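Here's the structure, in structure tokens; my notes come after.
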Amino acid sequence: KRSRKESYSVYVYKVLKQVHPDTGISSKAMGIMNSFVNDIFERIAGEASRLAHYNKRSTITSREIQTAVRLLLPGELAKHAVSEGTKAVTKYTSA
Amino acid sequence: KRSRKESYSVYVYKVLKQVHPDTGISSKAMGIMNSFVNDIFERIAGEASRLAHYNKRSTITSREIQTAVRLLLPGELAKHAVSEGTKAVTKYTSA
Amino acid sequence: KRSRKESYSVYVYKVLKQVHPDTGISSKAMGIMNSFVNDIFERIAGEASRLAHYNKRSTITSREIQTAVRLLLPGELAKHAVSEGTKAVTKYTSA
Amino acid sequence: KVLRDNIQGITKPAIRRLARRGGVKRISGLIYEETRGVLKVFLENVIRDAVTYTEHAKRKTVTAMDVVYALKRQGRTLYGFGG
Amino acid sequence: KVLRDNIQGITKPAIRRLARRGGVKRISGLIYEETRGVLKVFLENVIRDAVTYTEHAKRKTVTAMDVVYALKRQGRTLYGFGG
Amino acid sequence: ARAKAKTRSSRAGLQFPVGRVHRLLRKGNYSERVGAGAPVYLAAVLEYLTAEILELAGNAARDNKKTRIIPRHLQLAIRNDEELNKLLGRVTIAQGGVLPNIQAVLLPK
Amino acid sequence: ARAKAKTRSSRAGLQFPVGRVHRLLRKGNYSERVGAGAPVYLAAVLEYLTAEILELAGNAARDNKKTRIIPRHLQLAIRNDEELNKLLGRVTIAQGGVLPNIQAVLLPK
Amino acid sequence: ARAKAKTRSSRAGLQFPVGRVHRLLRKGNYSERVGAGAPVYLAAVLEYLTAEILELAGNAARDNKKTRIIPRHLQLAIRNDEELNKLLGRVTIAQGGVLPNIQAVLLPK
Amino acid sequence: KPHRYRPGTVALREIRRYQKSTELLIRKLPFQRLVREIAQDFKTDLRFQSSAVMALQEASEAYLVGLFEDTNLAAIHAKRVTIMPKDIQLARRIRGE
Amino acid sequence: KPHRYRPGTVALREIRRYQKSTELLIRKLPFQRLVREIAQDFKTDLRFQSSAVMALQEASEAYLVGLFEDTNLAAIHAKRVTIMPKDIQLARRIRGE
């Protein structure tokens, strides 16, 4: 066959059926979605790397990730993001 | 008892001497040069990391370094820069 | 086989593969290159002997031939060649 | 084998359609050639780095991924072609 | 300590001085208010970024190196402060 | 004697893969040492970000009475949210178009 | 018993530290491994840029007859070279100021 | 137990033969004593001059669409720079010809 | 009498029409010829994916339509309705190229 | 009768002066007071290194002066010599903020 190629199609498709069970996707739109995921992912990853370099910490942790999303994502979207992410932290710490 | 803070100051002062032995330096301009070399260094380093990530090379090589030199530096600066870089890496290869 | 005729061909070939890897050589222009290198060598070496004579100095060193190239070859190429020559004598001083 | 003039291949009505999408309702006659010039500049700046990306990859066929890298370095990042 | 009306602490002739550095030949009297507003927006953004940096740093004090980082991530890099 | 193979995304209760992004940060070269909770954090952030943009897109698709999402609706959704436009002002969408916008002086009397 | 200590900057024959740049790139986390010639090449291109910009600094200083440099002269140097301006459009120098520039319509007559 | 035979041309990091130039000065009958740095200095200046004239050879070859140098390229390179002309005013290049140069009064109305 | 609209009304109609639509404005084969032409100016004999060409043409049209909306803002700011190349030069100078 | 220059001549003189000079045109104490006042709004009881304050001083002056040649280009672009707030609004919106 062919070597496996990663995509974010199935996860966004679960997100869609959570948010709108009725609708479908175009593949062009899903290409934009994959580009969006990778772009925001690398932006926050670069923030994570630079902030970890700045305070001379050999680890990356979530604390600077709240720092990163609060600096990068503006305002109420960022504070919403803090809300779901920290509660996701609570479920992950409770396993 | 103190702990060091490094800079590029000695190298800037030396290269100031062999470009022009008879001229002086102000300290705040010399810090501007420090941060300038730091900024160019970080730009090239990030671009180099990105190129090494693109071609799935886990090792960074001078080939993509000079590729990034054309990538950032425009034209005249780029072609002369790859000239001294090439002749320097040949001197190191002989060394 | 015939006895060796020393010439300055291969060195100019090497320096052109630093300055233009692509471009080719005609042999009569190559003899012209040998004529430049020999003639300028003759001018500067005769001036070096002369300047060693006038200051009654027994030894040909870099400083008086620096004086001589500041004499004969004019201006910008002279001061640049001064720069590479100082660089070369300093790095050769460091063996 | 070689081509010498295709900047006129970007015709005036295509520029007019772009200007209508730009919201221009009235276009001077002097617009078209200077828009061609700035298009020339922008395409040079992107394709220089694009073929630079390509030649570092030791490829003689370009990839769209490298075009994505060229535009995102230039600050005009594109969605819809990564992957 | 606690102050109220420091937007007017940037005086009108100081704004005239910046405008003459900008090469403005004539300044309207209306100009100073929106220059205060634009300065307010810009400083608010960059110092929000800076306080975010230092609250990550577990420092109660503002450092210049954080200000350097905050300016350069916005695309308005400055030199001369150890960056 | 091994326990059941359970997934960390379910442990957070979210849908983006924790292990995939954990591997991505391990190979993306942003730190040599990675904390456990940060990939969970970012996965939740991105999944929510997809949630509001998908809500805006689906509402736009319902407004334009199409039941399969199209890039035009993505462009119209993102350009109509102020904070996402501040997030995404410098990005270009393939086959997207722009907002319907005419200036007042361009309109006739 | 052991080779005499001689630095890699001497081997490159250039003044910027090969070892410090090597160490900074190793702990700057840009790849898992680093080639030998790459930091040397980076230091060389940096010192070339410093060479030309301090040439501009020096002759701009002799324009104002001051043997010690001012960052004003640095801003003059950056703004009077078009490729260095293109490198440095979005960065400003401390106490840098602006070029002497007036619009022609602002002049009398 | 001898160290490896390594060359002074490499020690000066230049292409021109330091040893042969030293030998040609020694039997060129200019002094009975000669310093070590003088042939290195000569090697340096002759590298730089051959480098600049070869750059001129390269672009004078390239703009006439030739990838191999000709003495016409050499003549057009040298005679179009006044400083090399003051270096080489009394110098003739074989098959070099002259610059394309017509006096303005020779041209028709 | 054959019907003829007053000027600008039809122009506003293409504004609405191509602002509602997204489909691409330029003939793709001439611009493919142009990108091959300009690509050969750096290095000889490049091959192109059609995906790459279409991707770069969205990027190009986005850049152009951005600078047209800037010159719209400039021309309206100049109390005029017609764009002229000095307006575009103004916009390009303001953006910082 | 006492001497009095015509309008613009004096202004051109300090234009030349402040183009020549590099010193900071904002008074330091109310500026840093404003910085402390606004920084209080996001978190309480902040202390400032002085060099940070002077750094963000020239950052502010650079941002304003940059949008000032933007404003000047807009003003001369509209064939005027006096700037208006919509010039600054135009310049910022072209820059995209």
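By order in the structure tokens, chains are A, B, ...; within a chain, residues start at 1; ligands start at 1, following the order shown.
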Residue list for chain D near chain F as a PyMOL selection string, 12 Å, only C-alpha atoms: chain D and resi 18+20-26+68+71-82
Non-local contacts of residue J:95 (10 Å; only C-alpha atoms; under 6 positions in same chain excluded) as a PyMOL selection string: (chain I and resi 70+91+94-96) or (chain J and resi 67+70+89)
Could you write out chain G as a compact mmCIF listing (two decimals) with N, CA and C atoms, in the first residue's frame once it has been least-squares superposed on chain H using every ordered C-alpha pair?
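For reference, result_23.txt as written:
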# COMPACT_ATOMS: atom_id res chain seq x y z
N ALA G 1 56.60 10.77 15.46
CA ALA G 1 58.01 11.00 15.18
C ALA G 1 58.21 12.33 14.46
N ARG G 2 57.26 12.68 13.59
CA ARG G 2 57.33 13.92 12.84
C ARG G 2 55.92 14.44 12.64
N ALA G 3 55.80 15.76 12.53
CA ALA G 3 54.51 16.39 12.30
C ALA G 3 53.97 16.03 10.92
N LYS G 4 52.65 15.94 10.83
CA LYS G 4 52.00 15.66 9.55
C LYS G 4 52.15 16.86 8.63
N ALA G 5 52.31 16.58 7.34
CA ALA G 5 52.60 17.63 6.37
C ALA G 5 51.36 18.47 6.10
N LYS G 6 51.45 19.76 6.39
CA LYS G 6 50.37 20.70 6.11
C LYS G 6 51.00 22.00 5.62
N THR G 7 50.47 22.53 4.52
CA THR G 7 51.14 23.62 3.83
C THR G 7 50.93 24.95 4.54
N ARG G 8 51.79 25.90 4.19
CA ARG G 8 51.69 27.24 4.75
C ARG G 8 50.56 28.04 4.12
N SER G 9 50.13 27.66 2.91
CA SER G 9 48.95 28.29 2.32
C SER G 9 47.70 27.96 3.12
N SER G 10 47.64 26.74 3.65
CA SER G 10 46.57 26.37 4.57
C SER G 10 46.66 27.17 5.86
N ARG G 11 47.88 27.41 6.35
CA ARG G 11 48.05 28.23 7.54
C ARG G 11 47.58 29.66 7.30
N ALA G 12 47.90 30.21 6.13
CA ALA G 12 47.32 31.48 5.72
C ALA G 12 45.87 31.33 5.33
N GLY G 13 45.43 30.13 4.99
CA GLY G 13 44.05 29.91 4.60
C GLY G 13 43.70 30.48 3.26
N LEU G 14 44.69 30.79 2.43
CA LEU G 14 44.46 31.33 1.10
C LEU G 14 45.16 30.45 0.07
N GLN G 15 44.70 30.55 -1.17
CA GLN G 15 45.05 29.58 -2.20
C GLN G 15 46.42 29.79 -2.84
N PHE G 16 46.92 31.02 -2.91
CA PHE G 16 48.22 31.23 -3.54
C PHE G 16 49.34 30.59 -2.73
N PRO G 17 50.34 30.01 -3.39
CA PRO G 17 51.37 29.24 -2.69
C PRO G 17 52.27 30.16 -1.88
N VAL G 18 52.26 29.96 -0.57
CA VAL G 18 53.21 30.66 0.28
C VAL G 18 54.63 30.23 -0.05
N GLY G 19 54.83 28.93 -0.24
CA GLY G 19 56.17 28.42 -0.49
C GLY G 19 56.75 28.87 -1.82
N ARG G 20 55.94 28.87 -2.88
CA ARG G 20 56.46 29.28 -4.18
C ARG G 20 56.78 30.77 -4.20
N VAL G 21 55.93 31.60 -3.60
CA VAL G 21 56.20 33.03 -3.54
C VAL G 21 57.43 33.30 -2.68
N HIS G 22 57.58 32.56 -1.58
CA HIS G 22 58.77 32.67 -0.74
C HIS G 22 60.03 32.31 -1.52
N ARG G 23 59.98 31.22 -2.28
CA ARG G 23 61.14 30.79 -3.05
C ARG G 23 61.46 31.78 -4.16
N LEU G 24 60.42 32.31 -4.83
CA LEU G 24 60.63 33.26 -5.92
C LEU G 24 61.20 34.57 -5.42
N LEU G 25 60.76 35.03 -4.25
CA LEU G 25 61.35 36.24 -3.69
C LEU G 25 62.76 35.99 -3.18
N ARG G 26 63.05 34.80 -2.65
CA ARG G 26 64.41 34.51 -2.22
C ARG G 26 65.37 34.46 -3.40
N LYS G 27 64.96 33.87 -4.52
CA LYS G 27 65.79 33.86 -5.71
C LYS G 27 65.49 35.00 -6.67
N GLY G 28 64.54 35.88 -6.35
CA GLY G 28 64.38 37.07 -7.15
C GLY G 28 65.32 38.19 -6.78
N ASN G 29 66.02 38.02 -5.66
CA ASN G 29 67.11 38.90 -5.22
C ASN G 29 66.54 40.31 -5.01
N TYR G 30 65.79 40.46 -3.93
CA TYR G 30 65.29 41.77 -3.52
C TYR G 30 65.80 42.18 -2.15
N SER G 31 66.23 41.22 -1.34
CA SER G 31 66.91 41.50 -0.09
C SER G 31 67.78 40.31 0.24
N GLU G 32 68.71 40.51 1.17
CA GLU G 32 69.52 39.39 1.65
C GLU G 32 68.68 38.41 2.46
N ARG G 33 67.76 38.90 3.28
CA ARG G 33 66.88 38.04 4.05
C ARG G 33 65.44 38.48 3.84
N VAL G 34 64.52 37.56 4.12
CA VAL G 34 63.10 37.77 3.89
C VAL G 34 62.33 37.50 5.17
N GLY G 35 61.43 38.41 5.52
CA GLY G 35 60.55 38.17 6.65
C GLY G 35 59.53 37.10 6.35
N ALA G 36 58.99 36.51 7.41
CA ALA G 36 58.05 35.41 7.23
C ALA G 36 56.72 35.89 6.67
N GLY G 37 56.18 36.97 7.23
CA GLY G 37 54.85 37.40 6.83
C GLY G 37 54.79 38.14 5.52
N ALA G 38 55.93 38.62 5.03
CA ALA G 38 55.93 39.42 3.81
C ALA G 38 55.47 38.66 2.56
N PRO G 39 55.97 37.46 2.23
CA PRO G 39 55.45 36.80 1.02
C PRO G 39 54.02 36.33 1.19
N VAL G 40 53.63 36.00 2.42
CA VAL G 40 52.24 35.65 2.70
C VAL G 40 51.34 36.83 2.41
N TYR G 41 51.78 38.01 2.85
CA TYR G 41 51.03 39.23 2.65
C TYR G 41 50.93 39.54 1.17
N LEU G 42 52.03 39.34 0.45
CA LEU G 42 52.06 39.57 -0.98
C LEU G 42 51.11 38.63 -1.71
N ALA G 43 51.11 37.35 -1.34
CA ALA G 43 50.20 36.40 -1.98
C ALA G 43 48.76 36.75 -1.68
N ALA G 44 48.49 37.23 -0.46
CA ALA G 44 47.14 37.60 -0.08
C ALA G 44 46.63 38.77 -0.90
N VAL G 45 47.46 39.81 -1.06
CA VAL G 45 47.00 40.97 -1.82
C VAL G 45 46.85 40.61 -3.30
N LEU G 46 47.75 39.75 -3.82
CA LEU G 46 47.57 39.26 -5.19
C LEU G 46 46.25 38.55 -5.36
N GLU G 47 45.93 37.62 -4.47
CA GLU G 47 44.71 36.83 -4.62
C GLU G 47 43.47 37.68 -4.41
N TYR G 48 43.57 38.74 -3.61
CA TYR G 48 42.48 39.71 -3.54
C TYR G 48 42.24 40.39 -4.88
N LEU G 49 43.32 40.83 -5.54
CA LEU G 49 43.18 41.43 -6.86
C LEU G 49 42.60 40.45 -7.87
N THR G 50 43.09 39.21 -7.86
CA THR G 50 42.51 38.19 -8.73
C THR G 50 41.05 37.95 -8.42
N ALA G 51 40.68 38.01 -7.14
CA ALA G 51 39.29 37.79 -6.75
C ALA G 51 38.38 38.83 -7.39
N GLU G 52 38.72 40.11 -7.23
CA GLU G 52 37.86 41.13 -7.84
C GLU G 52 37.92 41.12 -9.36
N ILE G 53 39.09 40.87 -9.96
CA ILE G 53 39.12 40.95 -11.41
C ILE G 53 38.42 39.75 -12.05
N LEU G 54 38.42 38.59 -11.40
CA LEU G 54 37.61 37.49 -11.92
C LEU G 54 36.13 37.65 -11.59
N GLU G 55 35.77 38.40 -10.54
CA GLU G 55 34.36 38.79 -10.43
C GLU G 55 33.93 39.65 -11.61
N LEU G 56 34.76 40.62 -11.99
CA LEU G 56 34.45 41.44 -13.16
C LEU G 56 34.44 40.60 -14.43
N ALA G 57 35.37 39.65 -14.52
CA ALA G 57 35.42 38.74 -15.66
C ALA G 57 34.16 37.90 -15.74
N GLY G 58 33.70 37.38 -14.60
CA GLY G 58 32.52 36.54 -14.59
C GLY G 58 31.26 37.30 -14.98
N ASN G 59 31.04 38.48 -14.39
CA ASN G 59 29.78 39.14 -14.71
C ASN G 59 29.80 39.79 -16.09
N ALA G 60 30.98 40.19 -16.58
CA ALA G 60 31.07 40.62 -17.97
C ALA G 60 30.82 39.45 -18.92
N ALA G 61 31.22 38.25 -18.52
CA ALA G 61 30.95 37.07 -19.34
C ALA G 61 29.46 36.75 -19.38
N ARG G 62 28.77 36.86 -18.24
CA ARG G 62 27.32 36.67 -18.25
C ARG G 62 26.60 37.80 -18.97
N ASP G 63 27.24 38.96 -19.12
CA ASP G 63 26.66 39.99 -19.98
C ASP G 63 26.61 39.48 -21.42
N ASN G 64 27.64 38.78 -21.87
CA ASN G 64 27.66 38.21 -23.21
C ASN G 64 27.21 36.76 -23.26
N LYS G 65 26.75 36.21 -22.12
CA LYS G 65 26.17 34.86 -22.03
C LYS G 65 27.15 33.77 -22.47
N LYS G 66 28.42 33.93 -22.13
CA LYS G 66 29.43 32.92 -22.40
C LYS G 66 30.01 32.46 -21.08
N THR G 67 29.98 31.15 -20.84
CA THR G 67 30.44 30.65 -19.55
C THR G 67 31.96 30.56 -19.46
N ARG G 68 32.67 30.65 -20.58
CA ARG G 68 34.12 30.66 -20.57
C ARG G 68 34.61 32.05 -20.96
N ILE G 69 35.66 32.51 -20.28
CA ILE G 69 36.06 33.91 -20.40
C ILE G 69 36.82 34.13 -21.70
N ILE G 70 36.72 35.36 -22.22
CA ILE G 70 37.48 35.82 -23.37
C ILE G 70 38.33 36.98 -22.88
N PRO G 71 39.56 37.14 -23.38
CA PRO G 71 40.36 38.33 -23.03
C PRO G 71 39.73 39.65 -23.43
N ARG G 72 38.83 39.65 -24.43
CA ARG G 72 37.99 40.82 -24.69
C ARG G 72 37.25 41.26 -23.45
N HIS G 73 36.68 40.31 -22.71
CA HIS G 73 36.01 40.65 -21.46
C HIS G 73 37.01 41.17 -20.43
N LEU G 74 38.24 40.66 -20.46
CA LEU G 74 39.27 41.19 -19.56
C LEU G 74 39.58 42.65 -19.87
N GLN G 75 39.70 43.00 -21.15
CA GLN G 75 39.97 44.38 -21.52
C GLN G 75 38.79 45.27 -21.18
N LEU G 76 37.57 44.75 -21.34
CA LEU G 76 36.38 45.46 -20.91
C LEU G 76 36.41 45.71 -19.41
N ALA G 77 36.83 44.70 -18.64
CA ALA G 77 36.89 44.82 -17.19
C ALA G 77 37.92 45.85 -16.76
N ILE G 78 39.07 45.87 -17.42
CA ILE G 78 40.11 46.82 -17.03
C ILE G 78 39.70 48.23 -17.41
N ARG G 79 39.10 48.40 -18.59
CA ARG G 79 38.76 49.75 -19.02
C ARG G 79 37.50 50.29 -18.36
N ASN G 80 36.65 49.43 -17.80
CA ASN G 80 35.45 49.93 -17.13
C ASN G 80 35.66 50.21 -15.65
N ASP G 81 36.81 49.88 -15.08
CA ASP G 81 37.13 50.26 -13.71
C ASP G 81 38.23 51.30 -13.72
N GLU G 82 37.99 52.41 -13.04
CA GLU G 82 38.93 53.53 -13.12
C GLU G 82 40.20 53.27 -12.32
N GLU G 83 40.10 52.67 -11.13
CA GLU G 83 41.32 52.37 -10.39
C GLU G 83 42.12 51.25 -11.04
N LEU G 84 41.46 50.26 -11.63
CA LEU G 84 42.22 49.23 -12.33
C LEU G 84 42.82 49.76 -13.62
N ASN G 85 42.17 50.73 -14.26
CA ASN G 85 42.78 51.41 -15.39
C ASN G 85 44.01 52.19 -14.94
N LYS G 86 43.91 52.85 -13.79
CA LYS G 86 45.04 53.59 -13.24
C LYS G 86 46.19 52.67 -12.89
N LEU G 87 45.89 51.45 -12.43
CA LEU G 87 46.94 50.47 -12.23
C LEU G 87 47.55 50.04 -13.55
N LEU G 88 46.74 49.98 -14.60
CA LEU G 88 47.09 49.29 -15.84
C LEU G 88 46.94 50.18 -17.07
N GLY G 89 47.34 51.45 -16.95
CA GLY G 89 47.21 52.36 -18.08
C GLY G 89 48.13 52.01 -19.23
N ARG G 90 49.35 51.58 -18.92
CA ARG G 90 50.38 51.41 -19.93
C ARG G 90 50.57 49.95 -20.35
N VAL G 91 49.60 49.09 -20.06
CA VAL G 91 49.65 47.70 -20.49
C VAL G 91 48.40 47.41 -21.31
N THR G 92 48.56 46.60 -22.35
CA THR G 92 47.48 46.25 -23.26
C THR G 92 47.35 44.73 -23.29
N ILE G 93 46.12 44.25 -23.40
CA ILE G 93 45.80 42.83 -23.37
C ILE G 93 45.79 42.28 -24.79
N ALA G 94 46.39 41.10 -24.97
CA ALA G 94 46.37 40.42 -26.26
C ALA G 94 44.95 40.10 -26.68
N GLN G 95 44.62 40.42 -27.94
CA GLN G 95 43.25 40.37 -28.48
C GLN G 95 42.28 41.17 -27.62
N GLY G 96 42.77 42.27 -27.05
CA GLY G 96 41.98 43.02 -26.10
C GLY G 96 41.00 43.96 -26.76
N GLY G 97 41.43 44.62 -27.83
CA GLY G 97 40.54 45.55 -28.47
C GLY G 97 40.37 46.83 -27.67
N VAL G 98 39.29 47.54 -27.99
CA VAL G 98 39.02 48.86 -27.44
C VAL G 98 37.58 48.85 -26.94
N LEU G 99 37.28 49.79 -26.04
CA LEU G 99 35.91 50.00 -25.61
C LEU G 99 35.04 50.45 -26.78
N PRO G 100 33.75 50.14 -26.73
CA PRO G 100 32.82 50.80 -27.65
C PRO G 100 32.72 52.26 -27.29
N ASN G 101 33.34 53.11 -28.09
CA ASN G 101 33.42 54.54 -27.78
C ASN G 101 33.38 55.33 -29.08
N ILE G 102 32.37 56.18 -29.20
CA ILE G 102 32.27 57.11 -30.31
C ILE G 102 32.23 58.52 -29.74
N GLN G 103 32.86 59.45 -30.44
CA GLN G 103 32.71 60.85 -30.06
C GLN G 103 31.33 61.34 -30.48
N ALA G 104 30.77 62.23 -29.66
CA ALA G 104 29.41 62.70 -29.89
C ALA G 104 29.30 63.52 -31.17
N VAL G 105 30.36 64.23 -31.54
CA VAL G 105 30.34 64.97 -32.80
C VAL G 105 30.40 64.04 -34.00
N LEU G 106 30.88 62.80 -33.82
CA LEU G 106 30.92 61.86 -34.93
C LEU G 106 29.56 61.26 -35.24
N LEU G 107 28.62 61.34 -34.31
CA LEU G 107 27.27 60.88 -34.56
C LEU G 107 26.52 61.87 -35.44
N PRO G 108 25.55 61.40 -36.23
CA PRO G 108 24.76 62.32 -37.06
C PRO G 108 23.88 63.23 -36.23
N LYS G 109 23.41 64.29 -36.88
CA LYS G 109 22.63 65.38 -36.28
C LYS G 109 23.34 66.00 -35.07
Chain J onto chain I, all Cα, least squares, as a tab-separated table (two decimals) with C-alpha atoms, in the first residue's frame:
chain	number	residue	atom	x	y	z
J	1	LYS	CA	-34.27	53.37	-28.12
J	2	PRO	CA	-32.11	50.57	-26.69
J	3	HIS	CA	-31.63	50.28	-22.95
J	4	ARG	CA	-28.43	51.67	-21.44
J	5	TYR	CA	-27.62	51.89	-17.74
J	6	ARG	CA	-26.04	54.93	-16.17
J	7	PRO	CA	-22.35	54.59	-15.17
J	8	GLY	CA	-21.63	52.78	-11.92
J	9	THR	CA	-24.89	50.81	-11.74
J	10	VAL	CA	-23.54	47.90	-13.79
J	11	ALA	CA	-20.24	48.14	-11.90
J	12	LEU	CA	-22.07	47.90	-8.58
J	13	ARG	CA	-23.87	44.85	-9.95
J	14	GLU	CA	-20.70	42.90	-10.62
J	15	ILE	CA	-19.32	44.25	-7.33
J	16	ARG	CA	-22.20	42.47	-5.61
J	17	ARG	CA	-21.70	39.44	-7.86
J	18	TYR	CA	-17.98	39.00	-7.26
J	19	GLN	CA	-18.36	39.73	-3.56
J	20	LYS	CA	-20.91	36.92	-3.55
J	21	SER	CA	-18.82	34.63	-5.74
J	22	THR	CA	-15.56	32.96	-4.73
J	23	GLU	CA	-14.25	31.73	-8.09
J	24	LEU	CA	-10.84	32.71	-9.42
J	25	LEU	CA	-10.95	35.81	-11.60
J	26	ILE	CA	-7.70	35.14	-13.50
J	27	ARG	CA	-7.55	32.81	-16.49
J	28	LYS	CA	-5.54	29.77	-15.41
J	29	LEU	CA	-3.38	29.05	-18.47
J	30	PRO	CA	-1.71	32.49	-19.00
J	31	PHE	CA	-1.32	32.81	-15.24
J	32	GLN	CA	0.53	29.52	-14.89
J	33	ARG	CA	2.46	30.39	-18.06
J	34	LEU	CA	3.60	33.61	-16.35
J	35	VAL	CA	4.54	31.62	-13.25
J	36	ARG	CA	6.65	29.22	-15.30
J	37	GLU	CA	8.17	32.10	-17.30
J	38	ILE	CA	9.29	34.03	-14.24
J	39	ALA	CA	10.33	30.89	-12.34
J	40	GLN	CA	12.67	30.14	-15.25
J	41	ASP	CA	14.62	33.30	-14.35
J	42	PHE	CA	15.89	31.96	-11.01
J	43	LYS	CA	16.47	28.33	-12.00
J	44	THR	CA	15.94	26.47	-15.25
J	45	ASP	CA	13.45	23.75	-16.17
J	46	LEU	CA	11.06	23.90	-13.22
J	47	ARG	CA	8.01	21.67	-13.05
J	48	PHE	CA	4.93	22.66	-11.08
J	49	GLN	CA	2.36	20.79	-9.08
J	50	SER	CA	-0.99	22.18	-10.17
J	51	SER	CA	-2.27	22.70	-6.62
J	52	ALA	CA	0.74	24.91	-5.93
J	53	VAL	CA	-0.22	27.04	-8.92
J	54	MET	CA	-3.83	27.42	-7.80
J	55	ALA	CA	-2.62	28.14	-4.25
J	56	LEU	CA	-0.40	30.97	-5.40
J	57	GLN	CA	-3.32	32.02	-7.59
J	58	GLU	CA	-5.52	32.83	-4.61
J	59	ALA	CA	-2.45	34.16	-2.80
J	60	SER	CA	-2.00	36.67	-5.61
J	61	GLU	CA	-5.70	37.48	-5.74
J	62	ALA	CA	-5.80	37.97	-1.97
J	63	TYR	CA	-2.74	40.24	-1.97
J	64	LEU	CA	-4.13	42.35	-4.81
J	65	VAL	CA	-7.65	42.52	-3.37
J	66	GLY	CA	-6.28	43.51	0.05
J	67	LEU	CA	-4.30	46.35	-1.42
J	68	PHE	CA	-7.49	47.13	-3.35
J	69	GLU	CA	-9.53	47.91	-0.26
J	70	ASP	CA	-6.45	49.83	0.85
J	71	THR	CA	-6.67	51.73	-2.44
J	72	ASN	CA	-10.41	52.20	-2.00
J	73	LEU	CA	-9.92	53.66	1.47
J	74	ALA	CA	-7.27	55.98	0.05
J	75	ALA	CA	-9.55	57.02	-2.81
J	76	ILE	CA	-12.57	57.74	-0.63
J	77	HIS	CA	-10.16	59.37	1.80
J	78	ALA	CA	-9.27	61.89	-0.91
J	79	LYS	CA	-13.01	62.42	-1.61
J	80	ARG	CA	-12.71	60.69	-5.00
J	81	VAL	CA	-14.26	57.61	-6.59
J	82	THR	CA	-11.60	56.83	-9.22
J	83	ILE	CA	-8.32	55.28	-8.14
J	84	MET	CA	-4.92	56.43	-9.42
J	85	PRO	CA	-1.48	54.75	-9.29
J	86	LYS	CA	-0.27	57.01	-6.49
J	87	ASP	CA	-3.07	55.53	-4.36
J	88	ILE	CA	-1.47	52.09	-4.72
J	89	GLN	CA	1.98	53.59	-4.18
J	90	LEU	CA	0.68	55.22	-1.00
J	91	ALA	CA	-0.93	52.02	0.23
J	92	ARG	CA	2.18	49.91	-0.34
J	93	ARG	CA	4.45	52.50	1.25
J	94	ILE	CA	2.19	52.64	4.31
J	95	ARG	CA	2.38	48.86	4.45
J	96	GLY	CA	6.12	49.27	4.05
J	97	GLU	CA	7.32	47.54	0.88
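RMSD over all C-alpha atoms, after superposing chain E onto chain D with atoms paired in order, amounts to 0.8 Å.
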Kindly provide the residues of chain D that approach chain I to within 8 Å, each paired with its closest atom pair and their distance in Å to one decimal, based on only C-alpha atoms, listed by chain and increasing number, as a tab-separated table.
residue	atom	partner	partner_atom	distance
D:2	CA	I:37	CA	7.5
D:3	CA	I:37	CA	5.7
D:4	CA	I:37	CA	7.1
D:5	CA	I:34	CA	7.8
D:6	CA	I:34	CA	5.0
D:7	CA	I:34	CA	6.3
D:9	CA	I:30	CA	5.1
D:10	CA	I:31	CA	6.7
D:14	CA	I:26	CA	5.1
D:15	CA	I:26	CA	7.9
D:17	CA	I:25	CA	6.1
D:18	CA	I:65	CA	6.3
D:19	CA	I:68	CA	6.4
D:20	CA	I:15	CA	4.5
D:21	CA	I:19	CA	5.1
D:22	CA	I:65	CA	5.0
D:23	CA	I:15	CA	5.7
D:24	CA	I:72	CA	6.6
D:25	CA	I:11	CA	5.4
D:26	CA	I:82	CA	4.9
D:27	CA	I:83	CA	5.7
D:28	CA	I:84	CA	5.8
D:30	CA	I:85	CA	6.6
D:31	CA	I:85	CA	5.6
D:34	CA	I:85	CA	6.9
D:39	CA	I:60	CA	7.5
D:42	CA	I:60	CA	7.7
D:43	CA	I:60	CA	7.5
D:44	CA	I:38	CA	7.2
D:47	CA	I:39	CA	6.7
D:48	CA	I:42	CA	7.1
D:51	CA	I:39	CA	7.8
D:60	CA	I:46	CA	5.6
D:61	CA	I:47	CA	4.3
D:62	CA	I:48	CA	5.5
D:63	CA	I:52	CA	6.3
D:64	CA	I:52	CA	4.1
D:65	CA	I:52	CA	7.8
D:67	CA	I:52	CA	6.7
D:71	CA	I:59	CA	7.7
D:76	CA	I:59	CA	7.5
D:78	CA	I:59	CA	6.9
D:81	CA	I:55	CA	7.0
Alpha helix (DSSP H) per DSSP on the backbone: members of chain E, as an MDAnalysis selection string: chainID E and resid 12:21 31:56 64:73
Distance-based interface of chain B with chain D, 9 Å, counting only C-alpha atoms, as a PyMOL selection string: chain B and resi 51+54-55+63-64+67-68+70-72
